[PDB]
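In what follows, a structure is listed as structure tokens, so that the remarks can point back to it.
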Amino acid sequence: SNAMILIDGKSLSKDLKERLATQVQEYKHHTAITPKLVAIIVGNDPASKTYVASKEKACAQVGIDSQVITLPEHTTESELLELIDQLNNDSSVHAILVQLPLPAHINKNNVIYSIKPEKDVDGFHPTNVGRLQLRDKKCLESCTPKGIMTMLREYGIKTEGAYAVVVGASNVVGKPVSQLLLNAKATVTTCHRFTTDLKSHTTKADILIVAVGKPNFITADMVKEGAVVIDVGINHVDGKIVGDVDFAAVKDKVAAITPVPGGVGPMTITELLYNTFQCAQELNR
Amino acid sequence: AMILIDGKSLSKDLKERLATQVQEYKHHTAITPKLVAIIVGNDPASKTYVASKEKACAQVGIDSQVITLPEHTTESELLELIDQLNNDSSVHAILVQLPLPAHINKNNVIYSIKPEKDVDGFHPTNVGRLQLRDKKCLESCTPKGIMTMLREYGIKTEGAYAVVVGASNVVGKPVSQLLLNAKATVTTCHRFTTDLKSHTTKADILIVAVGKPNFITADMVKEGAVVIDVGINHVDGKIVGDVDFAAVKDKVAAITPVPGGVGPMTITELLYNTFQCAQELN
């Protein structure tokens, strides 16, 4: 028989937001500082407006201030860098986020590099990426990988000496989560689209992290009995949201598994909130 | 049919190729790359390393300058000097010879170097840039050298299974990231890994960086493996690899000897990095 525990992100995110709200009010009482997030959106992309809206709603829930600066699509990179320079030097702003994607005429990496690492709440600045790997403590960690580790921590999933296989090598998820796992003393394998015999790896994993954006890609035969399975996929399939793991099939095999929806997805914005609070406190240390 | 991955011969060839590239660049731009190296104190091994880096610069036509500070130099004094060099446009590459004295915080010193002059590649921005595939990255010299060895010897990395033994910041983590960028499936193992052998015995490419003499035995290696030994262990008056070479050599497809394998590639890649700094600065 297997544990078949549901790693419930919706309930965990709710608990974590309530916990954070309490801390934010404590901090405000001690310092009169309310953490403030500035989100920059360039242009009109509909999905981008929705993402930003969800971020502001989450802020309001926990008592964090937010401001959205909407710039026209025709904004140049130099103009956006100018705005970010003003935000970097504005002590009322603790966390700066640039909603992706940016217009064709702007290079996102130049934009991210212009953000003070201490205000880079997404954890995408090269210094934060590097500090993650280098186990340095000023690091703003990327929200989705941080969220994954938070689930593992709160569910008591031991990482030390565990064999973890991460399927997908993206910058936003796969590579930073592999680095977080390795810092947590797991043995880590990172697989991707050039991996031959993927199943030979995934079937040995104690902890299996799936981040490929391919609906129902990971099937039962690819997962180890007693495995912990974390499904980062958010695939839109005919109005439904479906994960990268064939949940119906795999759930009977596992010690624990994240459903989709209601698994990793809500943890991403939750960790953004914690990262905003981290920015405010460390700027004012 | 075993291949010796010979770093001494490869380093010589690579320096000849670089010397020509540096001369071509100078013809077109009148710019000659310049490396500044700082040494704090008098550690004789540190002095020998810095002397080897100056010699290597001279061999390829790169300018070098060594600034020697006394052992009691304060962290603030060293950071002042680094700031000056950051902002000197005659200086393309800055390096600080390690180890620093115990009273100075290495990480603060490294952070203070401009990333685009940080030839050793351990600034956090360079570490992140490597993972991000940002072309402005200065890749750390030993991991870069390991990848160069694989490339020059025609070792296939796309779809290869690579196991990296040792998860150090200086070698194991960056080399794993380079291997992933090169399209290998990569496992990173360390002192907390259980059943190490179940991984290492499957590796098509085995990179070993544990600083333990003769640590990897024949039973830990796959037949036909390509083995890269980053160990330089001083023991029994001898320099010994992390791999038991005599024990594994008759079963591998290729292996780096120690000495004469990875060691020489480290300074070679320093010179390449110094030339990278000169071209991007301009």
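Chain identifiers are assigned as A, B, and so on, following the order in which chains appear in the structure tokens; residues are numbered from 1 within each chain, and ligands are numbered from 1 in order of appearance.
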Taking only C-alpha atoms into account, what are the residues of chain A at most 10 Å from chain B, put as a ChimeraX atom specification? /A:109,113,117,124-136,160-165,169-172,175-176,178-179,182-198,201
Enumerate as a ChimeraX atom specification all residues of region 4-172 of chain A assigned to alpha helix (DSSP H) by DSSP on the backbone, naming them with the chain letters and numbers the document uses. /A:9-31,46-62,77-88,108-114,126-133,143-154
Selection to disk with C-alpha atoms, as a PDB file, in the first residue's frame:
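Saved result, result_3.pdb, follows:
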ATOM      1  CA  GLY A   9      -1.177  23.929  -2.438  1.00  0.00           C
ATOM      2  CA  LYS A  10      -4.457  25.744  -2.129  1.00  0.00           C
ATOM      3  CA  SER A  11      -4.713  24.960   1.601  1.00  0.00           C
ATOM      4  CA  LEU A  12      -1.010  25.505   2.195  1.00  0.00           C
ATOM      5  CA  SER A  13      -1.090  28.868   0.331  1.00  0.00           C
ATOM      6  CA  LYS A  14      -4.078  29.950   2.437  1.00  0.00           C
ATOM      7  CA  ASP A  15      -2.292  29.078   5.684  1.00  0.00           C
ATOM      8  CA  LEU A  16       0.893  30.788   4.488  1.00  0.00           C
ATOM      9  CA  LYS A  17      -0.912  33.998   3.509  1.00  0.00           C
ATOM     10  CA  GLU A  18      -2.599  34.165   6.872  1.00  0.00           C
ATOM     11  CA  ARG A  19       0.745  33.628   8.564  1.00  0.00           C
ATOM     12  CA  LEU A  20       2.350  36.282   6.389  1.00  0.00           C
ATOM     13  CA  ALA A  21      -0.424  38.806   7.076  1.00  0.00           C
ATOM     14  CA  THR A  22       0.261  38.509  10.788  1.00  0.00           C
ATOM     15  CA  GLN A  23       3.992  39.079  10.265  1.00  0.00           C
ATOM     16  CA  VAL A  24       3.387  42.082   7.975  1.00  0.00           C
ATOM     17  CA  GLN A  25       1.164  43.742  10.624  1.00  0.00           C
ATOM     18  CA  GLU A  26       3.836  43.016  13.297  1.00  0.00           C
ATOM     19  CA  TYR A  27       6.539  44.602  11.086  1.00  0.00           C
ATOM     20  CA  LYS A  28       4.355  47.617  10.346  1.00  0.00           C
ATOM     21  CA  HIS A  29       3.669  48.056  14.090  1.00  0.00           C
ATOM     22  CA  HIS A  30       7.454  47.942  14.876  1.00  0.00           C
ATOM     23  CA  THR A  31       8.702  50.088  11.885  1.00  0.00           C
ATOM     24  CA  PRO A  46      -4.398  39.972 -21.886  1.00  0.00           C
ATOM     25  CA  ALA A  47      -2.818  37.107 -19.976  1.00  0.00           C
ATOM     26  CA  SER A  48      -0.260  39.598 -18.568  1.00  0.00           C
ATOM     27  CA  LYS A  49      -2.989  41.882 -17.263  1.00  0.00           C
ATOM     28  CA  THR A  50      -4.614  38.846 -15.558  1.00  0.00           C
ATOM     29  CA  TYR A  51      -1.331  37.704 -13.998  1.00  0.00           C
ATOM     30  CA  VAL A  52      -0.692  41.183 -12.626  1.00  0.00           C
ATOM     31  CA  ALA A  53      -4.218  41.448 -11.318  1.00  0.00           C
ATOM     32  CA  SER A  54      -3.757  38.135  -9.376  1.00  0.00           C
ATOM     33  CA  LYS A  55      -0.562  39.492  -7.890  1.00  0.00           C
ATOM     34  CA  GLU A  56      -2.183  42.718  -6.677  1.00  0.00           C
ATOM     35  CA  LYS A  57      -5.191  40.777  -5.207  1.00  0.00           C
ATOM     36  CA  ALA A  58      -2.736  38.556  -3.265  1.00  0.00           C
ATOM     37  CA  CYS A  59      -0.931  41.604  -1.981  1.00  0.00           C
ATOM     38  CA  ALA A  60      -4.162  43.128  -0.711  1.00  0.00           C
ATOM     39  CA  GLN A  61      -4.967  39.843   1.062  1.00  0.00           C
ATOM     40  CA  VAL A  62      -1.831  40.026   3.194  1.00  0.00           C
ATOM     41  CA  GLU A  77      14.204  49.709 -23.583  1.00  0.00           C
ATOM     42  CA  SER A  78      16.115  52.912 -22.598  1.00  0.00           C
ATOM     43  CA  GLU A  79      12.862  54.396 -21.288  1.00  0.00           C
ATOM     44  CA  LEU A  80      12.038  51.317 -19.265  1.00  0.00           C
ATOM     45  CA  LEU A  81      15.617  51.308 -17.817  1.00  0.00           C
ATOM     46  CA  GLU A  82      15.063  54.924 -16.815  1.00  0.00           C
ATOM     47  CA  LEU A  83      11.901  54.019 -14.929  1.00  0.00           C
ATOM     48  CA  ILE A  84      13.617  51.131 -13.229  1.00  0.00           C
ATOM     49  CA  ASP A  85      16.520  53.417 -12.185  1.00  0.00           C
ATOM     50  CA  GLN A  86      13.975  55.721 -10.480  1.00  0.00           C
ATOM     51  CA  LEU A  87      12.325  52.742  -8.740  1.00  0.00           C
ATOM     52  CA  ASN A  88      15.724  51.412  -7.632  1.00  0.00           C
ATOM     53  CA  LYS A 108      14.183  41.195 -21.068  1.00  0.00           C
ATOM     54  CA  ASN A 109      17.669  40.276 -19.786  1.00  0.00           C
ATOM     55  CA  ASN A 110      18.987  43.843 -20.051  1.00  0.00           C
ATOM     56  CA  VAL A 111      15.827  45.002 -18.255  1.00  0.00           C
ATOM     57  CA  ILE A 112      16.185  42.476 -15.428  1.00  0.00           C
ATOM     58  CA  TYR A 113      19.896  43.282 -15.030  1.00  0.00           C
ATOM     59  CA  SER A 114      19.039  46.996 -14.437  1.00  0.00           C
ATOM     60  CA  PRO A 126      21.932  37.063 -12.443  1.00  0.00           C
ATOM     61  CA  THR A 127      23.248  37.976  -8.964  1.00  0.00           C
ATOM     62  CA  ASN A 128      20.227  36.308  -7.331  1.00  0.00           C
ATOM     63  CA  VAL A 129      20.544  33.271  -9.684  1.00  0.00           C
ATOM     64  CA  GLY A 130      24.233  33.061  -8.720  1.00  0.00           C
ATOM     65  CA  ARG A 131      23.689  33.612  -4.992  1.00  0.00           C
ATOM     66  CA  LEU A 132      21.142  30.754  -5.042  1.00  0.00           C
ATOM     67  CA  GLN A 133      23.786  28.344  -6.438  1.00  0.00           C
ATOM     68  CA  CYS A 143       9.130  32.087  -6.617  1.00  0.00           C
ATOM     69  CA  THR A 144       8.102  28.810  -8.187  1.00  0.00           C
ATOM     70  CA  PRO A 145      11.248  26.873  -7.158  1.00  0.00           C
ATOM     71  CA  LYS A 146      10.986  28.425  -3.658  1.00  0.00           C
ATOM     72  CA  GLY A 147       7.365  27.341  -3.579  1.00  0.00           C
ATOM     73  CA  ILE A 148       8.316  23.768  -4.453  1.00  0.00           C
ATOM     74  CA  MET A 149      10.845  23.633  -1.590  1.00  0.00           C
ATOM     75  CA  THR A 150       8.214  25.133   0.694  1.00  0.00           C
ATOM     76  CA  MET A 151       5.849  22.291  -0.113  1.00  0.00           C
ATOM     77  CA  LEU A 152       8.530  19.733   0.558  1.00  0.00           C
ATOM     78  CA  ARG A 153       9.374  21.415   3.873  1.00  0.00           C
ATOM     79  CA  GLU A 154       5.805  21.784   5.124  1.00  0.00           C
TER      80      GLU A 154
END
Straight-line distance linking CA of residue 252 (chain A) with CA of residue 266 (chain A), stated in Å to one decimal: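 Computed distance, CA of residue 252 (chain A) to CA of residue 266 (chain A), equals 23.8 Å.
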Residue contacts of residue 150 (chain B) (10 Å, only C-alpha atoms) excluding same-chain residues fewer than 4 positions away, as a PDB file with C-alpha atoms, in the first residue's frame:
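Printed below is out_8.pdb as written:
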ATOM      1  CA  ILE B   5      43.009  13.476 -22.848  1.00  0.00           C
ATOM      2  CA  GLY B 145      38.624  24.067 -19.568  1.00  0.00           C
ATOM      3  CA  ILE B 146      36.851  20.745 -18.922  1.00  0.00           C
ATOM      4  CA  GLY B 154      35.252  15.273 -30.021  1.00  0.00           C
ATOM      5  CA  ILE B 155      33.341  13.868 -27.086  1.00  0.00           C
ATOM      6  CA  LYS B 156      29.624  13.958 -27.707  1.00  0.00           C
ATOM      7  CA  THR B 157      27.688  15.773 -24.995  1.00  0.00           C
ATOM      8  CA  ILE B 205      30.980  11.216 -18.968  1.00  0.00           C
ATOM      9  CA  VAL B 226      35.024   9.286 -20.593  1.00  0.00           C
ATOM     10  CA  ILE B 228      37.784  13.792 -16.346  1.00  0.00           C
TER      11      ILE B 228
END
Give me, as JSON, numbers by chain, all polymer residues having an atom no more than 10 Å from residue 153 (chain B), counting only C-alpha atoms and skipping those fewer than 5 positions away in the same chain. {"B": [3, 4, 5, 6, 10, 147, 148, 254]}
Would you mind exporting the chosen residues as a compact mmCIF listing (two decimals), in the first residue's frame, restricted to N, CA and C atoms?
# COMPACT_ATOMS: atom_id res chain seq x y z
N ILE B 3 41.95 6.67 -25.21
CA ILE B 3 42.53 8.00 -25.47
C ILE B 3 42.94 8.73 -24.18
N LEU B 4 44.19 9.21 -24.16
CA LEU B 4 44.70 10.07 -23.14
C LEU B 4 44.27 11.48 -23.50
N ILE B 5 43.43 12.08 -22.66
CA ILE B 5 43.01 13.48 -22.85
C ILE B 5 44.15 14.33 -22.30
N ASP B 6 45.01 14.76 -23.20
CA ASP B 6 46.30 15.36 -22.85
C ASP B 6 46.19 16.87 -22.76
N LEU B 10 47.19 19.98 -25.47
CA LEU B 10 46.04 20.76 -25.87
C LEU B 10 46.24 22.22 -25.49
N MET B 147 35.11 21.61 -20.38
CA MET B 147 34.26 21.58 -21.57
C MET B 147 35.11 21.68 -22.86
N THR B 148 36.12 22.53 -22.83
CA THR B 148 37.06 22.64 -23.99
C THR B 148 37.73 21.31 -24.31
N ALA B 254 38.29 7.12 -22.67
CA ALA B 254 39.24 8.23 -22.58
C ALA B 254 39.38 8.73 -21.14
Could you give me, as a VMD selection string, the residues within 7 Å of region 99-102 of chain B, counting only C-alpha atoms and dropping anything in the same chain fewer than 4 positions from it? chain B and resid 40 71 106
